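Asks: The structure that follows is given in the form of structure tokens.
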Amino acid sequence: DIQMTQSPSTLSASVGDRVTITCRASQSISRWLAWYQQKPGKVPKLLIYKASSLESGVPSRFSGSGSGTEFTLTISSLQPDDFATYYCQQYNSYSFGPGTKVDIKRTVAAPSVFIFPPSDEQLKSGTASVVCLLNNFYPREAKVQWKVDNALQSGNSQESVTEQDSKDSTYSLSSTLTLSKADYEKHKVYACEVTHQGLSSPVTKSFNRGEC
Amino acid sequence: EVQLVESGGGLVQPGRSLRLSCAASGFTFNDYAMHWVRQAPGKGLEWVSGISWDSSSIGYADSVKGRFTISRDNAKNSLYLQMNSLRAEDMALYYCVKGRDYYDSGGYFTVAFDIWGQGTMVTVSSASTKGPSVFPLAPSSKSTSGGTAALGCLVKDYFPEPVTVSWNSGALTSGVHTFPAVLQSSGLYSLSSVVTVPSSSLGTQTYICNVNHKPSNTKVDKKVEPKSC
């Protein structure tokens, strides 16, 4: 049934640029494609339908053209209020395409890594969380790896990312490592190794059990 | 005005069932194909169902046939969705949507979903409501580190969302970043709110984090203070 996909997945742009987003649909969809703008915590808003026709009140700077298997959406002037995700949906079978999130382009800033041991309060409860914070950076792609002793490289973590900040437009990230109290005190160096393109070697923040 | 408001959402255990109501107003309900689109948290839109003006053509998202039934009642002017054998993949915000179905060439076509609803959350879990455990992430990492000293609060092992966190009874707002909650390996949620304060100043000031988890009637204020390293 129709499979619809989008390029780019993501986009950095700055206010003024004309950007273009693409929507490909594996079987002719003819004209029957539409486009939605969504900002997190708001409802989807129909921008174009019947491949070209804008709704009432959409600003003339959005447009659409396409023909049956390839469909495109252009903003001529990005204004600081079109940074959101855009989705396309086809109307033979109502499958939406994956989305395209646009973010505000900005200079690289390499994050500041801060690491936090288990509190002894948490440890009474019989478990241990080690938090590593990468604070304030751009671009969004920056990886984190965990090591506990020599190098036991650990696979069992959860990262979470804030939205692009409204003043500086960086992102921050967390990675919690969770061990029970028994494997925690059965190890000694604990390391958070950050890689981000604005760093020329990867930073390792580390700490040793007991002697904090 | 012309409004589509829905109801029926809430917590539910896996395997069990919900029926979802949407009641529209401010348009001649009769004439429009109505539909439901859900959106899973941090994922995108997924079209679930739709039904003709007089219920003669009905469709389902291929991942839902056999469990969801859509049905319309034009006299009451409401759409409903009966959901069954609810697994974890149905956890989402459901939206009630109205087709600008008015079109005709070979066929009479729903070209756009133009009026949308606000949502009802459907949360399928087997966890019980639990308030958090709040632990310090104590300021330092050097004592200071890379300047302005990170410091924060881990708000751990609660259900359901949301939980509010502010620093310093509402007046500390800058540098504060509160991360999206993450749902853990089996169960509950975990979240951190953190701050960079000027290292300088640590030893003078108090940092308190206020976390209120209303589904369990939990208000904890945990003063963060440094250990020594």
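Every chain in the structure tokens takes a letter, A first, then B, and so on in the order presented; its residues are numbered from 1, and the ligands are numbered from 1 following the presented order.
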Would you give me, as JSON, numbers by chain, the residues of chain B that come within 9 Å of chain A, using only C-alpha atoms?

Replies: {"B": [42, 44, 45, 46, 47, 48, 59, 61, 62, 95, 109, 110, 111, 112, 113, 114, 115, 116, 117, 118, 119, 133, 134, 135, 136, 137, 138, 139, 140, 141, 142, 145, 146, 149, 150, 151, 177, 178, 179, 180, 181, 182, 184, 191, 192, 194, 196, 227, 228, 229]}

Asks: Have a look at B:147, B:126, B:105, B:223 and name the one nearest to residue B:200; count only C-alpha atoms.

Replies: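 Smallest distance to residue B:200 is found for B:147.
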
Asks: Work out how far apart atom CA of residue B:199 and atom CA of residue B:224 are and give it in Å to one decimal.

Replies: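 So the two atoms, atom CA of residue B:199 and atom CA of residue B:224, lie 14.2 Å apart.
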